[PDB]
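Colleague: pasting an experimental structure, sequence included:
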Amino acid sequence: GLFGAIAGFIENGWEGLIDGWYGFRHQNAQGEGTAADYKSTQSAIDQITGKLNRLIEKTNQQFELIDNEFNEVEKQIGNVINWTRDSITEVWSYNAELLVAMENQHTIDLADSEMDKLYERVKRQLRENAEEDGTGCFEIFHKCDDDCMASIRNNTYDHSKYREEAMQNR
Amino acid sequence: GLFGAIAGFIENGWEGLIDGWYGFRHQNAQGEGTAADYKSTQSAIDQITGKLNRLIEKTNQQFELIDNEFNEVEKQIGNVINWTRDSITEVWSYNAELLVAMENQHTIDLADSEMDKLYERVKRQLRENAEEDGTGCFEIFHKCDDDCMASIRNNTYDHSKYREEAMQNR
Amino acid sequence: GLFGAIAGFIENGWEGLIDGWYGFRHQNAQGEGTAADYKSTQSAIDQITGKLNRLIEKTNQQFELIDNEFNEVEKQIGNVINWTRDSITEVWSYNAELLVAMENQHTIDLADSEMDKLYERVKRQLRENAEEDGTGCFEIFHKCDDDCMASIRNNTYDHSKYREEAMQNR
Amino acid sequence: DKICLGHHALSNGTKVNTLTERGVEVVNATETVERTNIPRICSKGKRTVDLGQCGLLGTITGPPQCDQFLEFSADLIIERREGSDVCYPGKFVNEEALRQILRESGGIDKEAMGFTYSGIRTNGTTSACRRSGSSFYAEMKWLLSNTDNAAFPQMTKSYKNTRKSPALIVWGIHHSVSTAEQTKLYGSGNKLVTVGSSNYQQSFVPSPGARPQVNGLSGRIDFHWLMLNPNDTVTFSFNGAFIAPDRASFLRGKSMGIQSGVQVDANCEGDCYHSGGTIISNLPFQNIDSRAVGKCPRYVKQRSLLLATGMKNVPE
Amino acid sequence: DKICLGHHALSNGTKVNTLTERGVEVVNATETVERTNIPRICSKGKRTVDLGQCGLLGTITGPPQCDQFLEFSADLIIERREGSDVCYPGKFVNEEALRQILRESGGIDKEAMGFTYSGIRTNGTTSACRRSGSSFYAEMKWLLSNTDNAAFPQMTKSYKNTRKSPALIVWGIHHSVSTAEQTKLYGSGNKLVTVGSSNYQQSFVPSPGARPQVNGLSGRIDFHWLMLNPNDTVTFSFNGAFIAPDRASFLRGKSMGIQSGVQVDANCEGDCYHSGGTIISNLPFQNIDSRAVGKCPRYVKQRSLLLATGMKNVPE
Amino acid sequence: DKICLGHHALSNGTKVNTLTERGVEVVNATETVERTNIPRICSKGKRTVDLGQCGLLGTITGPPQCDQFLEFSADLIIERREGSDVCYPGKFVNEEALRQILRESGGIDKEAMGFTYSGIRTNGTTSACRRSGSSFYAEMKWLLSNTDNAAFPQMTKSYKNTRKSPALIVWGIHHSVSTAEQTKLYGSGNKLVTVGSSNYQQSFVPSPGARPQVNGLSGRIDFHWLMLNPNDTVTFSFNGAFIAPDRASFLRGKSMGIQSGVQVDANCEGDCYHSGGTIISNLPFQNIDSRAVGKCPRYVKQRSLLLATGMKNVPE
Ligand SMILES: *[C@@H]1O[C@H](CO)[C@@H](O[C@@H]2O[C@H](CO)[C@@H](O)[C@H](O)[C@H]2NC(C)=O)[C@H](O)[C@H]1NC(C)=O
Ligand SMILES: *[C@@H]1O[C@H](CO)[C@@H](O[C@@H]2O[C@H](CO)[C@@H](O)[C@H](O)[C@H]2NC(C)=O)[C@H](O)[C@H]1NC(C)=O
Ligand SMILES: *[C@@H]1O[C@H](CO)[C@@H](O[C@@H]2O[C@H](CO)[C@@H](O)[C@H](O)[C@H]2NC(C)=O)[C@H](O)[C@H]1NC(C)=O
Ligand SMILES: *[C@@H]1O[C@H](CO)[C@@H](O)[C@H](O)[C@H]1NC(C)=O
Ligand SMILES: *[C@@H]1O[C@H](CO)[C@@H](O)[C@H](O)[C@H]1NC(C)=O
Ligand SMILES: *[C@@H]1O[C@H](CO)[C@@H](O)[C@H](O)[C@H]1NC(C)=O
Ligand SMILES: *[C@@H]1O[C@H](CO)[C@@H](O)[C@H](O)[C@H]1NC(C)=O
Ligand SMILES: *[C@@H]1O[C@H](CO)[C@@H](O)[C@H](O)[C@H]1NC(C)=O
Ligand SMILES: *[C@@H]1O[C@H](CO)[C@@H](O)[C@H](O)[C@H]1NC(C)=O
Ligand SMILES: *[C@@H]1O[C@H](CO)[C@@H](O)[C@H](O)[C@H]1NC(C)=O
Ligand SMILES: *[C@@H]1O[C@H](CO)[C@@H](O)[C@H](O)[C@H]1NC(C)=O
Ligand SMILES: *[C@@H]1O[C@H](CO)[C@@H](O)[C@H](O)[C@H]1NC(C)=O
Ligand SMILES: *[C@@H]1O[C@H](CO)[C@@H](O)[C@H](O)[C@H]1NC(C)=O
Ligand SMILES: *[C@@H]1O[C@H](CO)[C@@H](O)[C@H](O)[C@H]1NC(C)=O
Ligand SMILES: *[C@@H]1O[C@H](CO)[C@@H](O)[C@H](O)[C@H]1NC(C)=O
């Protein structure tokens, strides 16, 4: 997509992540773990469901028969009707095709951006205590125990309390 | 929106900012002040007005009466006409609804990006003399007097002249 | 566009770049040179061509004559036909105008983002060995010979092998 | 040492189309074009009249197959292939227009026209309208001359519409096998009938001659109609050949008319119908039948148009 | 110490709909569907003809109410409910087609057909066309037989169209109260009229009989028409029952025709009209009247569709 | 010291329109509206029948100009301005409907109706249908009375349709110059013709009188038609004035019909046609002719709509 995260600087998705759409995978002295981010996941789900709510409906507009399947209407009027119906079919087939392609383009990009927004959120939380890997990872100078990792996930991580030791490892 | 600035990492808008769409609010030894950015504001206004110029018009195509309100046309032809008109009404009602929703999605995102573009401009001006807060703020190491702040706003700020003192405060 | 690179923080395009859509222009002790990035260029070309493949076609739907150029049909039915045709013409003229404007908006932004994605790729490769200029340039602390520059272009550049000397020049 | 951001994925996605790409795989997707038909007329909660062997135009004239439909009331009217409008062979002028009126009528109420007759017979019948022996259209009167070859006098009959809604008036014209049968019935000579209301003017001279034996009979009855407005009057000048309306029809309200060959089902509800059944769906489009009626998804030519409901699938 | 970036906001935004969201609040928005009507026909700068009591088809035949409209010129033609096409009760065959022609005609110019008559009367009049005493349609001639019950001879009349634009030709057919009144007027026997031009063939035998007393009269006049091409000739064979055209009509140019019940106003300009008035607007859509005509915003079913003209509103 | 990222550009771009901007310059762009016409009928690979002087309806009746088109087969049928349906002046009732049927017929196959006649002539001819001396419509028979002023007896003729597709039946009605010429041809008195099939009822009394001399002749022949269904029978009662069908037409398959004034060309292939030629294009829209037919780009009112195929142009 446009934001270059999904099928971009992030190599690929995780098939083990069954908990949400987006998430964190850490690696420290205590080992590897993976957890789903609710906020980002929910923001994408809510936008996608809002699209569906908009699209999944027919109108209250009634149309009646203007021709006859058991007793053919006069040929001239019948041909005008068929021409008109076919013309209308052509408009709706176009509308339907264009609507779906446009929506799908936006849905994919929308998901791409939510991934990027999560990425930039964390970068900002970590401040000068970390550096970008380039593959969708943040190498952390100071020692993050499983507690530390959970503080980052839950938006409570205080950068100033590990700054000097991380800075000293420049 | 897609760029995650408005209703994103920036908590909220300023109701006191009556001067433009976007702006700077500083805080130093001389106190707090707020000023509107013309360039960003104008770029968004110009794009939005360009949308309106495109949309606010009817066509030069004339349509005439094909039925009669004082003297009903023959029933068969009348029903074909009504069916055709209702079919056309259904197309335009769809077109109108989809146009407005698509435009509004783009307008909101367009404003979001202009906010982000201003944010990234300033980040780039400040170089290594500042660090990102995360809420839409840049904490500045060296001492910016009201003159200093105006240099940033007006795109004249020279990072190299305050670098060492800001760097030394790492 | 939305991503603020083309006609944004990059002042202007290069007329000498006839090799691709995007590229690098370096400046070192060995002099200036310019080279095209294949990957970014190809990604934009492929998306644009995919649009064309979608759009460049008519349908297999046949329409026949319902009126007569040599022998005018009865006036009433003729006026209904003309009204219907004109109504349909009005829908397609709208569809065509809106399609092209929407596509063009997306094409321009799509190209803008590809430029930005290349910019961010390189920033990430260089790590702490460089700093952003603000005009679309990365000032490099350590000494990049023409070999060095080609390593950046070809995605092989190892930041850790020049880190200390670049860091020491902070 | 490190913390990494990522997103979910599957081994195998669902292909969808975008502005730039055919067949891009996404995590999840859903259909926008309805293809599921229900092979019944889903009429739960609706006053339904299934005409069966009764033709819809026969509800106005009343051949024996339509005896139970002379004053029906309905939200939904179903025409069947086996329907017939006639007992004595014949057809209506402006027939489809009249069917369209009756389909959305809400059904019909009948009222005596109030015609009396002096100097002629009024009880013409036939073998083809069977009600235990010969009969005729229940709402009509076959007017003859008192006796064989007798002069059918020139006649002037009125009906005023004293109600607040338009009255549907129907009358017929007979076409005997011979030119000699026209003389026996109504006397010899050219017969003329005319009709005049505020916005209507028309006249009909008969046309005898042999026709194919339909229902074993080679005669035909023309059927004719107009909508007589409230407080308007309609006049019938006639010398013969003429089938007189006994009752007038008034329309009840609103309905929807369909043609179909499948069974009624009061267990399901639907508002979109076609000859093969009912389209029940919340999807915006359908690819079942371009002539579906009621409140329907829009017909499109594509069988399927998948809408992405998840991010792009980028597996390991 | 710090510098912060932000954006403007209000305490209370304007709700709009997007692709993903119903009722998202934005800083500013504007309407795209026009709902404001002007209850006048805004005709500033246009040659306007308000027909009033004159029926549009009456401009071709000329009943007394249409005397001042026999050769009108117009950009805009207004039909009124009180309009009447006839003085002597009657109606036109193919009437709506003819109204459509006349609505966009630019008005009409009249020219003598050049008919002379020998062996018959030519000055038939009536009580229902009042010009201080009895009269008749100003552009027509009621042809009778010299005297009561006299033989109306078989007649052959031509008119060539020597001009470069098609000539509208109108003629009538009379329907007397009695079958005996047809004999008094034009002599007894079946009367035949026929018409033949390069691309036209039609014939009309009359049809006497009693009709409701319209204008106190129970007779009717049929009215008929065709477009005679440049250098084409048209022939009328007739034995009676026939109302002869005195003048032919030629169309002037271009116009727009409307039906309406509101006043003309030369103080406002508009190009979109409906019966209730004028839609003056630059907005792309309107929800006032689906049958509006001229150059109009597209009719949509929604009353309102707000277009965002500001960023999303994110207050404190 | 430094490495810089950039993008290509030109001194001068191509202007295009976007959602926000008119006339933004881009690196490259391409046209979406087709304006290039090919001034030929491109018929490579198609069975083509160019009717030339034969009128399309004349293929059913067979005037001399249509002698080589009585049983044509085609994928593409071309009508020309010089085409004429008639030799003896006349026209068809419901003509455009019949042209529409024949345009998509795939052409026609002819079959003997099987009529025999006793007590009348069958070989009426004229000066206007020239096949080295007088003649008549090749598929029709002009029925007269044995001799001048002789009684044309009342007649009853049948044709059953034993094939599996509907039979097109055509018959005529003659309109002599005089009322005296009608008596010479078929005997004096009012003549009646009637037609009856399962779903058809109509009758036609003639109408003599003088008409303009077309082809030097002032008589006219009416032409009439219906579609007789498989296993259906059609009856013709007649006392005269009647032009009898000799053969019936059956439709072959499928075709496309066009009207045009340009030459056929078997060197180019196309599927979108108009009177001025062929629109060959892959573009989604065209601004050549709103009445183009076949499989065409959609007609739009704009002459040009450029689609960006490159980034925005931002030169030095
Ligand atoms: C208008 O189109 C309808 C189909 O939408 C045509 O009716 C079909 O005709 C085909 C070929 O004869 C039959 O196989 C089908 O049974 C018909 N379907 C229906 C629903 O009627 C119809 O002939 C067309 N009208 C005209 C005047 O050509
Ligand atoms: C076609 O639709 C029009 C309305 O758009 C119908 O006319 C209306 O009929 C209703 C109900 O009788 C009246 O209340 C209105 O006064 C009518 N409005 C107008 C503008 O005429 C019309 O009946 C429909 N035509 C047919 C054949 O059903
Ligand atoms: C329907 O529109 C067509 C044009 O699309 C009209 O036909 C044209 O009429 C103009 C003015 O008389 C002529 O200059 C052209 O030669 C005609 N073009 C074609 C292709 O026929 C036609 O008159 C309209 N029909 C009605 C009933 O008004
Ligand atoms: C993916 O894998 C196989 C086809 O290779 C199939 O069994 C399965 O249904 C596929 N799933 C999806 C969602 O396409
Ligand atoms: C995928 O989409 C379908 C709609 O077809 C929906 O019902 C279902 O809940 C979705 N499945 C998952 C796992 O999200
Ligand atoms: C029909 O009506 C007449 C009344 O004049 C009567 O004489 C005759 O018997 C009736 N015929 C039948 C079969 O009812
Ligand atoms: C019809 O006439 C009656 C009086 O007999 C009156 O009450 C009613 O309002 C009239 N209706 C109309 C539509 O004029
Ligand atoms: C916002 O506040 C109140 C409603 O609570 C109302 O008076 C005012 O008009 C509102 N303004 C807008 C723009 O919605
Ligand atoms: C808001 O939009 C309206 C259009 O309805 C416009 O006229 C007005 O100038 C705008 N107001 C502000 C404060 O921008
Ligand atoms: C009508 O015309 C005839 C001319 O033959 C004349 O005798 C008669 O008086 C006229 N009648 C009137 C009322 O003008
Ligand atoms: C009509 O005939 C005249 C000669 O009298 C000629 O000048 C004119 O061009 C002809 N018009 C047409 C349309 O053929
Ligand atoms: C640009 O330059 C000139 C017009 O000033 C013209 O010769 C040339 O064709 C232009 N090229 C494009 C692509 O517009
Ligand atoms: C520009 O677009 C055209 C289509 O009109 C295409 O054929 C051509 O290859 C393109 N030119 C360049 C230099 O990309
Ligand atoms: C026409 O047919 C009749 C057969 O009765 C015959 O007598 C007559 O000579 C024929 N005339 C011509 C010109 O063939
Ligand atoms: C017509 O009748 C024949 C028997 O003669 C039969 O084979 C055929 O199926 C019938 N066709 C139809 C449509 O009923």
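Modeller: Ah, there it is. Numbers count the residues shown, from 1 in each chain, chains lettered A, B, ... in the order given. Ligands and ions are numbered 1, 2, ... in the order given.
Colleague: for the residue nearest the centre of chain A, give its distance to ligand 5.
Modeller: Closest residue to the average C-alpha location of chain A: residue A:111 at 1.8 Å, with Cα atoms, centre = their mean. For residue A:111, the distance to ligand 5 equals 13 Å [Cβ to the nearest ligand atom, to the nearest Å]. All C-beta atoms are positioned from the backbone trio N, CA, C, and that covers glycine.
Colleague: ok, residue A:163 touching residue A:126?
Modeller: No. With contact defined as Cβ atoms under 8 Å, residue A:163 does not count as touching residue A:126 (10.5 Å).
Colleague: tally up the residues packed near the closest residue to chain F within the stretch 1-150 of chain D, please.
Modeller: In the stretch 1-150 of chain D, the residue that lies nearest chain F is residue D:91 (5.6 Å; Cβ to the nearest Cβ). Residues lying near residue D:91 (other Cβ atoms under 10 Å in any protein chain shown) number 18.
Colleague: nearest residue to it other than its sequence neighbours?
Modeller: Nearest residue to residue D:91, sequence neighbours excluded (Cβ to Cβ, 6 or more residues apart in numbering or on different chains): residue F:201, at 5.6 Å.
Colleague: and the one you found, that's in a strand?
Modeller: Yes. Counting by DSSP: H, G, I helix; E, B strand; the rest coil, residue F:201 is found in a strand.
Colleague: stretch D:210-229 and chain F in contact?
Modeller: Yes. Counting by Cβ under 8 Å from any Cβ of the partner chain, contacts between stretch D:210-229 and chain F involve D:210-212, D:214, D:220, D:222.
Colleague: got the phi and psi for the closest residue to ligand 1 within chain A?
Modeller: As assessed by Cβ to the nearest ligand atom, ligand 1 sits closest to residue A:78 within chain A, at 3.3 Å. Here is the backbone geometry of residue A:78 (degrees, to the nearest 10): phi -60, psi -40.
Colleague: same thing with residue A:125?
Modeller: Backbone torsions for residue A:125, taken as degrees, to the nearest 10, come to phi -60, psi -40.
Colleague: just say helix, strand or coil for the residue lying closest to it once chain neighbours are set aside.
Modeller: In space, and not counting its chain neighbours, residue A:125 is closest to residue A:157: 5.4 Å by Cβ to Cβ, 6+ apart. Following three-state DSSP, residue A:157 is assigned to coil.
Colleague: I'd assumed residue A:126 was in contact with residue A:157.
Modeller: Yes. Taking contacts as Cβ under 8 Å, residue A:157 lies within contact range of residue A:126: 7.4 Å.
Colleague: picking up where we left off before, beyond the helix or strand containing the residue of the stretch 1-150 of chain D closest to chain F, next helix or strand please.
Modeller: According to DSSP states H and E, residue D:91 maps onto strand D:90-92. Using DSSP H and E, the helix or strand that follows strand D:90-92 in sequence is helix D:95-103.
Colleague: against which helices or strands is that next one packed?
Modeller: Under the contact definition 3 or more Cβ pairs under 8 Å, 6 or more residues apart in numbering or on different chains; DSSP states H and E, helix D:95-103 sits against helix B:75-126, helix D:58-61, strand D:256-259.
Colleague: does chain A sit close to the last one?
Modeller: Yes. Strand D:256-259 comes into contact with chain A when judged by Cβ under 8 Å from any Cβ, the residues involved being D:256-259.
Colleague: for the residue of the stretch 51-200 of chain D found nearest ligand 5, name its beta-bridge partners.
Modeller: Closest residue of the stretch 51-200 of chain D to ligand 5, Cβ to the nearest ligand atom: residue D:76 (31.4 Å). Note on residue D:76: beta-bridge partners by DSSP bridges are residue D:48, residue D:256.
Colleague: wait, isn't it in contact with residue D:43?
Modeller: Yes. Assessed by Cβ under 8 Å, residue D:76 is found in contact with residue D:43 at 5.8 Å.
Colleague: ok, back up a step: looking at the helices and strands packed on helix D:95-103, which one is packed in the most?
Modeller: Across the helices and strands packed on helix D:95-103, the average number of neighbours (mean count of other Cβ atoms under 10 Å in any protein chain shown) peaks for helix D:58-61, which reaches a mean of 28.
Colleague: so what's the gap between that helix and the chain middle?
Modeller: Its chain's C-alpha centre and that of helix D:58-61 lie 11 Å apart, by Cα atoms, centre = their mean, to the nearest Å.
Colleague: any residues touching that helix, and which ones?
Modeller: D:51, D:65-66, D:69-70, D:72, D:83-86, D:98, D:102, D:108, D:137-140, D:168, D:170, D:172, D:223, D:225, D:249 (Cβ atoms under 8 Å, 6 or more residues apart in numbering or on different chains).
Colleague: now, of the residues you listed, which are buried?
Modeller: Neighbour counting over those (16 or more other Cβ atoms under 10 Å in any protein chain shown) leaves D:51, D:65-66, D:69-70, D:72, D:83, D:85-86, D:98, D:102, D:108, D:137-140, D:168, D:170, D:172, D:223, D:225, D:249 as the buried ones.
Colleague: these in strands, which ones?
Modeller: Members of the buried ones among the contacts of helix D:58-61 lying in strands (criterion: DSSP state E): D:108, D:140, D:168, D:170, D:172, D:223, D:225, D:249.
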